[PDB]
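Single-structure report; data block below.
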Amino acid sequence: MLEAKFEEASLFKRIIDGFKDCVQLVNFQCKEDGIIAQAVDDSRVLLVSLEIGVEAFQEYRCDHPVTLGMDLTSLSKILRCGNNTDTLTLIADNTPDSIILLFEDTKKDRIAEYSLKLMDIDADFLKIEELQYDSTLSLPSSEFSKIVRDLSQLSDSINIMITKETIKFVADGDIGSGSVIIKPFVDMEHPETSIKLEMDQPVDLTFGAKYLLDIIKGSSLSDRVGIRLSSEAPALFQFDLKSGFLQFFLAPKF
Amino acid sequence: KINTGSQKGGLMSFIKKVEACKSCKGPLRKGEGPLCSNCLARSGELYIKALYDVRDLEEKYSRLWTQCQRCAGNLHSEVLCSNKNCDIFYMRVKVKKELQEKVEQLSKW
Amino acid sequence: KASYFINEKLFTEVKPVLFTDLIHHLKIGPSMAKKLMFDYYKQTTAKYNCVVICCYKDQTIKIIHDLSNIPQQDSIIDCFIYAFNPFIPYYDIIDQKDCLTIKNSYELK
Amino acid sequence: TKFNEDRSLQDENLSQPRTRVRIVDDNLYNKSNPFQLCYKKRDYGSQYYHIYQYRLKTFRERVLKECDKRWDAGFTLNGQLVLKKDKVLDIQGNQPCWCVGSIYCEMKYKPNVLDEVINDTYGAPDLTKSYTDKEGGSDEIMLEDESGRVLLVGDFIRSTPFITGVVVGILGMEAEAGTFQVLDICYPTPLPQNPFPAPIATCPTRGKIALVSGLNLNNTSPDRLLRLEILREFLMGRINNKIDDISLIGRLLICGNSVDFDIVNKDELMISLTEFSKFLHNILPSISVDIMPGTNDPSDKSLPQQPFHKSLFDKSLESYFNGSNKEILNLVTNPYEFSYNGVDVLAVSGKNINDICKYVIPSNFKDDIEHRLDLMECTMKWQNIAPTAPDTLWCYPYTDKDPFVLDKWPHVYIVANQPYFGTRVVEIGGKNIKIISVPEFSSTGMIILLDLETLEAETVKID
Ligand code: SF4
Ligand SMILES: [Zn+2]
């Protein structure tokens, strides 16, 4: 019997809304050390992978590894029915036909017990074949999201140039072009505004903006994002969590 | 049913399949075998399901390829037919692939 | 011998008593069990439907029902009295220790 | 019977206390098995033409080892000296042409999957009692060969079965420039057959084996389990007045079709497997069994059926399934080649012979009483036990090696699941072999005590 009592429903709502658009049907694996769920989009170039360790939760009674066939649209509809003062708890019996979600308010008030039906997506559980990335950069997430937004406004193909320790985005469209050249920044006052490039290998890669527009949606969970780039290995965008991550795996178009 | 099979491309290559448990999809399958210690009581039903799937698939595969040979008129020669208007076209290859996957799944016991 | 008593325990219980149930209960040879069932049918006769199995020269081991006994009265070299019924849940698992007229030629290691 | 059993029920019962040790007759398994095909390394990407390539090659070689004898350069037919021209397509004149190639039958009632996909009636059951027209003569027989196919017409093809997949040398004459009048045929060369060391055995009675097939247990159970229990007791030395006559049964062979269910949702199959496991656990402490899978047993549908799996039996059998304990239970493949102390035995579930009967015996002349023994004799004249291996009785698309083609003639040849019982010793070039037709135990309770001393297939009917 799984019983994952959170600390605040906004955490899980943002966790889901970070990737509820790219993918739509996932398998949440409630194992004995938290929750882990990976999926791939229909275009098969984007792989979402989420890990919420047991530390992020408040209570965890799951004693047997269970699987939940979540449909992200219905679950987002359910999560939109949550307040900002509720301790959402996900309960599931031995053989789960449906999942129970309770947004019991801290002060004694109306408990919100929703029963969401589950499916069996019968998919495979995947994992990245790891490799030493050519450059593991860290960058404030809001700035990255703004950069992707204003660049994708121009064209539909964003390029990244990691050379000589200056992260560079370029986009060459029909109405013109746009080139952002941010230097590696570091400061003691604002730790979020920190950009430390790696001179391991120069990286010149171009990704489709139609996928970065979905990557940048999970920009609220992590105040800063870690982008790992390699000319052969597929790029990774890691949004760090309190006890996990919401990392995306994207492959440059070719 | 998310296929995600034989689609090796930009990202669908160099990816793993952790081979979760059967009938429960329990990731705690560190112990070898197609089943975890929790739902081991169903070890006589999942094998039946897999074996009967393999039976149906191999029967269909044999029927389709033997039918292709009869149509091609030749038995000792290779049938390299480009006719895409034949109902059995697009189906023989699908059944070959699906039977390959189901046989590889049956080979875990 | 507890034959007459342990048979009746299988008669208060409606479930039939095989001629091997005597071997299971009293741990005696098949011929003695057949003699026991025969005498029980002779002078110890509640009411029960009886079935006998008559051997032949061609080993045509037939269950003699409806008491016809017409085919080859003389070609019958032997006839046991089979189970007592007033069929049976078959193979009520017996350990078969010391109940074997013929033991196996192997080890079971 | 009250007095019929009176005189019968006075016995000696003197050899009761001691356990009568049975005989010891094993079979050699360490060597190899041409039919073993693990699910790993099982490539399905190939095509069914490699089987025919290998068949044509090896059978043409074996028959050319003997075609020169009766069809030499000096063989005359009073029309013109016979010609050796291969490539069956090149029959250009009335000269007697002799050539080798794979026979292919083309009936009109053979199940065509393309018609079923067109009419969208695939997956439905099939009556298909027979393939041959036999009322319009629409069926044809083509001597298919590498780059060639010539129809055969005449009267010689009316005697020989002429089943597809066989490779024999045909000598005939061109009739209508597309047809061929079969004048005679020649079969492959005789194979080697290991000797039969019958009297060398230190023990005087080398023992027998018990053959029983077509159990097909099902929840309907119209006394199918009653015959099973009677057979268990009979092999257990109880139903017989043992004078060391039932103690010489040793091994016990179950050849295919042990369970049965009308494929629903895998529930009756579990009860049938439970009953079979009960039978095995109740008979194994005294007898040693080895089970052959069938086309309805929970195993593959292709002919080289891999052995049963342990997951089909209960826990007592699982205990018997300990390693290095194959002498009690074996669970061999479907077509297996035992060696019961020198008696090389070949046993099949009988699906191949039934499929062959689909090629001759018509539905609504050759009937089926002893002609099935003739079909097995023909199968032994040829050197493969499954002539219609790719085309009609589906098999694995083997490449570069076919296990269905024979490499040596076995002393015994058992065919299970037959509608009748019959045995016959057939001699093909000195090497004479015994061929037994064990029937279905479900219809008729006949089991077969095959003696290993001198091959006397005695019958034991249970009713
Ligand atoms: S796919 Fe169609 S055209 Fe091609 S061999 Fe099969 S039946 Fe003939
Ligand atoms: Zn499990």
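Measuring r between the beta carbons of D:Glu456 and D:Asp90 and using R0 = 45 Å, the FRET efficiency lands at 0.30.
In this structure the amide hydrogen of D:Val438, modeled in the peptide plane, comes within under 5 Å of the amide hydrogens of D:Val415, none closer than 5 places in sequence on its chain. The H on the amide N of A:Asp204, modeled in the peptide plane, is under 5 Å from the matching H of A:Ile162, each at least 5 residues off or on a different chain.
Among the listed pairs B:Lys8/B:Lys102; B:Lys17/D:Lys41; C:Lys1/C:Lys57; A:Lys217/A:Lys253; A:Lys164/B:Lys8; C:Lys103/D:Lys208, those whose Cα-Cα separation exceeds 27 Å are C:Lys1/C:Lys57; A:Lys164/B:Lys8.
Under the shape rule built on the C-alpha gyration tensor, where the axes satisfy a ≥ b ≥ c, the protein assembly as shown is oblate, since a/c reaches at least 1.5 while a/b does not exceed b/c.
Each residue of segment D:101-113 is assigned a 3J(HN,Hα), and the resulting list reads x, 7, 5, 9, 8, 10, 8, 9, 9, 5, x, 9, 5 Hz, derived from the Karplus form 6.51 cos²θ - 1.76 cosθ + 1.60 (θ = phi - 60°), x at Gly and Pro.
Of the trypsin sites (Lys or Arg not before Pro) in segment D:375-455, which ones lie in a loop per DSSP and count no more than 14 other C-beta atoms within 10 Å? Mind dumping the intermediate values first?
Values: sites: D:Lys381, D:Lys401, D:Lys408, D:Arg424, D:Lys431, D:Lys434; in loops: D:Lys401, D:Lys408.
Counting only loop positions with at most 14 other Cβ atoms within 10 Å, the trypsin sites (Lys or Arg not before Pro) in segment D:375-455 are D:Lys401, D:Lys408.
In chain B, the DSSP-assigned H stretches of four residues or longer account for a calculated mean residue ellipticity at 222 nm of -13500 deg cm²/dmol, using -39500 (n - 2.57) per stretch and the full residue count as denominator.
Using only side-chain charges placed at the Cβ, +1 for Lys and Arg and -1 for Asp and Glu, the dipole size of chain C relative to its Cα centre rounds to 200 debye.
If we count other beta carbons within 10 Å of each Cβ, what is the order of B:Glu104, B:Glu58, A:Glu104, fewest first?
Details: B:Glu104 13, B:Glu58 23, A:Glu104 16.
In order of increasing Cβ crowding within 10 Å: B:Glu104, A:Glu104, B:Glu58.
A simple spin-label model places pseudo-atoms 7 Å from Cα toward Cβ; at A:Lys117 and A:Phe185 they are separated by 4.9 nm. Exposure proxy for B:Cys36, D:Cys378: other Cβ atoms within 10 Å of each Cβ, ordered fewest to most, give D:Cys378, B:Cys36.
Along the axis of the charge dipole computed for the protein assembly as shown (Cβ charges of +1 for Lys and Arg, -1 for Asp and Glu, origin at the Cα centre), the listed residues D:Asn94, B:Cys36, D:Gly430 are led at the positive end by D:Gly430. Backbone amide hydrogens, once placed in the peptide plane, bring D:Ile428 within less than 5 Å of D:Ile433, excluding anything fewer than 5 places away on its chain.
The calculated FRET efficiency for A:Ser76 paired with B:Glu32, based on their beta-carbon distance and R0 = 41 Å, is about 0.60. Name the residues of segment D:146-183 whose amide N is less than 16 Å from a point 7 angstrom out from the Cα of D:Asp139 along the C-beta direction? D:152-166, by backbone N distance to the label point. Taking 7 Å steps out from each Cα toward its Cβ at D:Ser324 and D:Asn112 produces label points 5.9 nm apart. Straight-line reach from D:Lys57: which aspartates and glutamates have a Cα under 19 Å away, not including same-chain ones fewer than 8 places off? Within the straight-line limit of under 19 Å, D:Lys57 reaches these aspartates and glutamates: B:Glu78, D:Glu66, D:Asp68, D:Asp86, D:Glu144, D:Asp145, D:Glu146, D:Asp391, D:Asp400, D:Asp402, D:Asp407. Measuring between their Cα centroids, segment C:30-108 and segment D:426-463 lie 27 Å from each other.
Footprinting exposure proxy ranking of B:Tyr61, C:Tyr106, B:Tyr47, B:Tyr90, fewest other C-beta atoms within 10 angstrom first, gives B:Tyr90, C:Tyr106, B:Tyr47, B:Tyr61.
What is chain C by shape, rounded, prolate or oblate, if you read a ≥ b ≥ c off the alpha carbon gyration tensor as root eigenvalues and call it rounded for a/c under 1.5, prolate for a/b larger than b/c, and oblate otherwise? Don't skip to the answer; put the middle values down first.
Details: a/c = 1.85, a/b = 1.15, b/c = 1.61.
Oblate, because a/c is 1.5 or more while a/b does not exceed b/c.
Across every direction, the projection of the convex hull enclosing the Cα atoms of chain A has a mean area of 15.2 nm². Taking each DSSP H run with n ≥ 4 as -39500 (n - 2.57) and averaging over every residue of chain D yields -5500 deg cm²/dmol at 222 nm. Model label points for C:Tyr4 and C:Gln73, set 7 angstrom from Cα along the Cα-to-Cβ axis, are 3.3 nm apart.
State the dimensionless ratio Rg/Rh of segment A:12-65 (Rg: radius of gyration of Cα atoms; Rh: Kirkwood radius).
Values: Rg = 12.3 Å, Rh = 12.1 Å.
Ratio of gyration radius to Kirkwood radius: 1.01.
By the helix-only formula, in which each DSSP H run with n ≥ 4 contributes -39500 (n - 2.57) and the sum is divided by residues, chain A has a 222 nm mean residue ellipticity of -4000 deg cm²/dmol.
Just so you know, all these numbers are worked out from the coordinates, no wet-lab data involved. Cβ: placed from backbone, ideal geometry, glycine included. Neighbour counts: every protein chain shown.
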